[PDB]
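What's in input_20.cif: mmCIF, N, CA and C atoms
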```cif
data_start
loop_
_atom_site.label_atom_id
_atom_site.label_comp_id
_atom_site.auth_asym_id
_atom_site.auth_seq_id
_atom_site.Cartn_x
_atom_site.Cartn_y
_atom_site.Cartn_z
N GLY A 1 179.54 189.26 24.36
CA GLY A 1 180.16 190.55 24.72
C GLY A 1 181.66 190.43 24.91
N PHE A 2 182.28 191.51 25.38
CA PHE A 2 183.71 191.54 25.68
C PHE A 2 184.54 191.14 24.47
N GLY A 3 184.18 191.66 23.31
CA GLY A 3 184.88 191.33 22.10
C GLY A 3 184.10 190.39 21.22
N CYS A 4 183.42 189.45 21.85
CA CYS A 4 182.61 188.48 21.13
C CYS A 4 181.23 189.06 20.88
N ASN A 5 181.01 189.59 19.68
CA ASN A 5 179.72 190.17 19.34
C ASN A 5 179.08 189.43 18.18
N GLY A 6 179.54 188.22 17.93
CA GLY A 6 179.04 187.44 16.83
C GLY A 6 180.11 187.17 15.80
N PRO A 7 179.85 186.29 14.83
CA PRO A 7 180.84 185.92 13.81
C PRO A 7 181.25 187.10 12.93
N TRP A 8 180.45 188.15 12.96
CA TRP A 8 180.73 189.35 12.17
C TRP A 8 181.65 190.29 12.94
N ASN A 9 181.82 190.03 14.23
CA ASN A 9 182.68 190.84 15.07
C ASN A 9 183.17 190.01 16.26
N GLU A 10 184.16 189.18 15.99
CA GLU A 10 184.68 188.26 16.99
C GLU A 10 186.10 188.65 17.38
N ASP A 11 186.24 189.35 18.49
CA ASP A 11 187.56 189.73 18.97
C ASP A 11 187.98 188.81 20.11
N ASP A 12 188.37 187.60 19.74
CA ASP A 12 188.70 186.55 20.70
C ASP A 12 189.84 186.97 21.60
N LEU A 13 190.75 187.75 21.05
CA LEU A 13 191.88 188.26 21.82
C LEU A 13 191.40 189.22 22.90
N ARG A 14 190.36 189.99 22.59
CA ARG A 14 189.81 190.94 23.53
C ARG A 14 189.11 190.21 24.67
N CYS A 15 188.40 189.14 24.32
CA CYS A 15 187.79 188.27 25.32
C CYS A 15 188.87 187.64 26.19
N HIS A 16 189.91 187.15 25.52
CA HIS A 16 191.03 186.50 26.17
C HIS A 16 191.69 187.43 27.17
N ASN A 17 191.96 188.66 26.74
CA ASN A 17 192.57 189.66 27.60
C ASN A 17 191.67 189.99 28.78
N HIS A 18 190.39 190.21 28.51
CA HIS A 18 189.43 190.50 29.57
C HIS A 18 189.50 189.42 30.65
N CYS A 19 189.27 188.18 30.24
CA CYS A 19 189.27 187.06 31.17
C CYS A 19 190.60 186.95 31.92
N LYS A 20 191.70 187.11 31.19
CA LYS A 20 193.03 187.01 31.80
C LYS A 20 193.26 188.15 32.80
N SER A 21 192.52 189.24 32.63
CA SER A 21 192.64 190.38 33.52
C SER A 21 191.86 190.16 34.81
N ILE A 22 191.08 189.09 34.86
CA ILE A 22 190.28 188.79 36.02
C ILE A 22 190.96 187.71 36.86
N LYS A 23 191.23 188.06 38.11
CA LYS A 23 191.88 187.15 39.03
C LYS A 23 191.04 185.90 39.22
N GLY A 24 191.60 184.77 38.82
CA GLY A 24 190.87 183.52 38.86
C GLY A 24 190.78 182.88 37.50
N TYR A 25 191.11 183.64 36.46
CA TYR A 25 191.10 183.12 35.11
C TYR A 25 192.46 183.25 34.44
N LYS A 26 192.75 182.30 33.57
CA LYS A 26 194.00 182.27 32.82
C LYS A 26 193.81 182.95 31.48
N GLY A 27 192.60 182.87 30.96
CA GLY A 27 192.29 183.46 29.68
C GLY A 27 190.84 183.29 29.33
N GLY A 28 190.50 183.53 28.08
CA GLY A 28 189.12 183.44 27.64
C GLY A 28 189.03 183.29 26.14
N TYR A 29 187.86 182.94 25.65
CA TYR A 29 187.66 182.71 24.23
C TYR A 29 186.21 182.97 23.85
N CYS A 30 186.00 183.30 22.58
CA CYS A 30 184.67 183.54 22.07
C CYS A 30 184.02 182.23 21.65
N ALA A 31 182.94 181.88 22.33
CA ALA A 31 182.20 180.67 22.06
C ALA A 31 180.87 180.99 21.41
N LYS A 32 180.18 179.94 20.95
CA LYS A 32 178.86 180.08 20.35
C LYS A 32 178.89 181.08 19.20
N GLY A 33 179.52 180.68 18.10
CA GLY A 33 179.59 181.52 16.92
C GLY A 33 180.41 182.78 17.14
N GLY A 34 180.96 182.92 18.34
CA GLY A 34 181.71 184.10 18.68
C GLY A 34 180.85 185.12 19.40
N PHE A 35 179.83 184.65 20.11
CA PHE A 35 178.92 185.54 20.83
C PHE A 35 179.25 185.60 22.32
N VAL A 36 179.63 184.47 22.90
CA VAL A 36 179.79 184.39 24.34
C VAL A 36 181.26 184.39 24.73
N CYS A 37 181.67 185.39 25.49
CA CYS A 37 183.03 185.46 25.99
C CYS A 37 183.18 184.56 27.21
N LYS A 38 183.71 183.37 27.00
CA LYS A 38 183.83 182.40 28.08
C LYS A 38 185.25 182.38 28.64
N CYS A 39 185.35 182.47 29.95
CA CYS A 39 186.65 182.51 30.61
C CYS A 39 187.05 181.13 31.11
N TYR A 40 188.35 180.91 31.24
CA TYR A 40 188.90 179.67 31.77
C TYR A 40 190.14 179.98 32.59
#
```
I need this file expressed as structure tokens, please.
Amino acid sequence: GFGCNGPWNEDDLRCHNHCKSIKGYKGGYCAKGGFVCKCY
């Protein structure tokens, strides 16, 4: 989710922005073929 909807729809920037918008995270990326929006 959050941009990462699979390799056919991978909005890594959208995941990144989401995660970065959350206090406690610097950013985020689409993992697992682009399915899982993982924050860091």
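Only residues having an atom at most 10 Å from (190.4, 187.9, 24.6) are included; using only C-alpha atoms, these are residues 2, 3, 4, 10, 11, 12, 13, 14, 15, 16, 17, 18, 19, 20, 21, 27, 28, 29, 30, 37, 38 and 39 of chain A.
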All file atoms of stretch 28-33 of chain A boxed axis-aligned, 4 Å per side, centre plus edges, as JSON:
```
{"center_x": 184.7, "center_y": 181.7, "center_z": 22.5, "size_x": 19.6, "size_y": 11.6, "size_z": 19.2}
```
Considering only C-alpha atoms, return as a list in words whatever protein or nucleic-acid residues lie within 9 Å of residue A:6, sequence-local ones (same chain, fewer than 6 positions apart) excluded. residues 30, 32, 33, 34, 35 and 36 of chain A
From a DSSP pass on the backbone, collect the residues of chain A flagged as strand (DSSP E or B) and hand them back as a VMD selection string. chain A and resid 4 10 28 to 31 36 to 39
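Computed from the coordinates, the atom CA of residue A:40 to atom C of residue A:5 distance equals 19.4 Å.
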Expressed in Å to a single decimal, how great is the separation between atom N of residue A:9 and atom C of residue A:24? 25.9 Å
How far is it from atom CA of residue A:31 to atom C of residue A:8, in Å with one decimal? 13.3 Å
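All residues within chain A that the backbone DSSP calculation assigns to helix (DSSP H, G or I) are residues 12, 13, 14, 15, 16, 17, 18, 19 and 20 of chain A.
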Give me a file of those residues, with N, CA and C atoms, as an mmCIF file, in the coordinates of the input.
```cif
data_model
loop_
_atom_site.group_PDB
_atom_site.id
_atom_site.type_symbol
_atom_site.label_atom_id
_atom_site.label_comp_id
_atom_site.auth_asym_id
_atom_site.auth_seq_id
_atom_site.Cartn_x
_atom_site.Cartn_y
_atom_site.Cartn_z
ATOM 1 N N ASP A 12 188.370 187.600 19.740
ATOM 2 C CA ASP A 12 188.700 186.550 20.700
ATOM 3 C C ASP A 12 189.840 186.970 21.600
ATOM 4 N N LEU A 13 190.750 187.750 21.050
ATOM 5 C CA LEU A 13 191.880 188.260 21.820
ATOM 6 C C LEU A 13 191.400 189.220 22.900
ATOM 7 N N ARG A 14 190.360 189.990 22.590
ATOM 8 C CA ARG A 14 189.810 190.940 23.530
ATOM 9 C C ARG A 14 189.110 190.210 24.670
ATOM 10 N N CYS A 15 188.400 189.140 24.320
ATOM 11 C CA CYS A 15 187.790 188.270 25.320
ATOM 12 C C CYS A 15 188.870 187.640 26.190
ATOM 13 N N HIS A 16 189.910 187.150 25.520
ATOM 14 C CA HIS A 16 191.030 186.500 26.170
ATOM 15 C C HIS A 16 191.690 187.430 27.170
ATOM 16 N N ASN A 17 191.960 188.660 26.740
ATOM 17 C CA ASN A 17 192.570 189.660 27.600
ATOM 18 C C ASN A 17 191.670 189.990 28.780
ATOM 19 N N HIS A 18 190.390 190.210 28.510
ATOM 20 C CA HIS A 18 189.430 190.500 29.570
ATOM 21 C C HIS A 18 189.500 189.420 30.650
ATOM 22 N N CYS A 19 189.270 188.180 30.240
ATOM 23 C CA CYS A 19 189.270 187.060 31.170
ATOM 24 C C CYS A 19 190.600 186.950 31.920
ATOM 25 N N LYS A 20 191.700 187.110 31.190
ATOM 26 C CA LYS A 20 193.030 187.010 31.800
ATOM 27 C C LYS A 20 193.260 188.150 32.800
#
```
Any chance you could model N, CA, C and O atoms for stretch 3-19 of chain A and send them as a CSV table (one decimal), in the coordinates of the input?
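Saved result, selection30.csv, follows:
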```
chain,number,residue,atom,x,y,z
A,3,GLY,N,184.2,191.7,23.3
A,3,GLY,CA,184.9,191.3,22.1
A,3,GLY,C,184.1,190.4,21.2
A,3,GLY,O,184.1,190.5,20.0
A,4,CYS,N,183.4,189.4,21.8
A,4,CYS,CA,182.6,188.5,21.1
A,4,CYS,C,181.2,189.1,20.9
A,4,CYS,O,180.4,189.0,21.8
A,5,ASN,N,181.0,189.6,19.7
A,5,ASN,CA,179.7,190.2,19.3
A,5,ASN,C,179.1,189.4,18.2
A,5,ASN,O,178.2,189.9,17.5
A,6,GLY,N,179.5,188.2,17.9
A,6,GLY,CA,179.0,187.4,16.8
A,6,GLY,C,180.1,187.2,15.8
A,6,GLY,O,181.2,187.8,15.9
A,7,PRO,N,179.8,186.3,14.8
A,7,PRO,CA,180.8,185.9,13.8
A,7,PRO,C,181.2,187.1,12.9
A,7,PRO,O,182.3,187.0,12.2
A,8,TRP,N,180.4,188.2,13.0
A,8,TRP,CA,180.7,189.4,12.2
A,8,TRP,C,181.6,190.3,12.9
A,8,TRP,O,182.2,191.2,12.4
A,9,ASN,N,181.8,190.0,14.2
A,9,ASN,CA,182.7,190.8,15.1
A,9,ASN,C,183.2,190.0,16.3
A,9,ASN,O,182.6,190.1,17.4
A,10,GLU,N,184.2,189.2,16.0
A,10,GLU,CA,184.7,188.3,17.0
A,10,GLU,C,186.1,188.6,17.4
A,10,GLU,O,187.1,188.3,16.7
A,11,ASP,N,186.2,189.4,18.5
A,11,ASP,CA,187.6,189.7,19.0
A,11,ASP,C,188.0,188.8,20.1
A,11,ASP,O,188.0,189.2,21.3
A,12,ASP,N,188.4,187.6,19.7
A,12,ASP,CA,188.7,186.6,20.7
A,12,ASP,C,189.8,187.0,21.6
A,12,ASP,O,189.9,186.6,22.8
A,13,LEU,N,190.8,187.8,21.0
A,13,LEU,CA,191.9,188.3,21.8
A,13,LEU,C,191.4,189.2,22.9
A,13,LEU,O,191.9,189.3,24.0
A,14,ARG,N,190.4,190.0,22.6
A,14,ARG,CA,189.8,190.9,23.5
A,14,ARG,C,189.1,190.2,24.7
A,14,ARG,O,189.2,190.6,25.8
A,15,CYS,N,188.4,189.1,24.3
A,15,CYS,CA,187.8,188.3,25.3
A,15,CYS,C,188.9,187.6,26.2
A,15,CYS,O,188.8,187.6,27.4
A,16,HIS,N,189.9,187.2,25.5
A,16,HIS,CA,191.0,186.5,26.2
A,16,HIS,C,191.7,187.4,27.2
A,16,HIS,O,192.0,187.0,28.3
A,17,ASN,N,192.0,188.7,26.7
A,17,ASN,CA,192.6,189.7,27.6
A,17,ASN,C,191.7,190.0,28.8
A,17,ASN,O,192.1,190.0,29.9
A,18,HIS,N,190.4,190.2,28.5
A,18,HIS,CA,189.4,190.5,29.6
A,18,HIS,C,189.5,189.4,30.6
A,18,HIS,O,189.8,189.7,31.8
A,19,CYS,N,189.3,188.2,30.2
A,19,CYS,CA,189.3,187.1,31.2
A,19,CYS,C,190.6,187.0,31.9
A,19,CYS,O,190.6,186.8,33.1
```
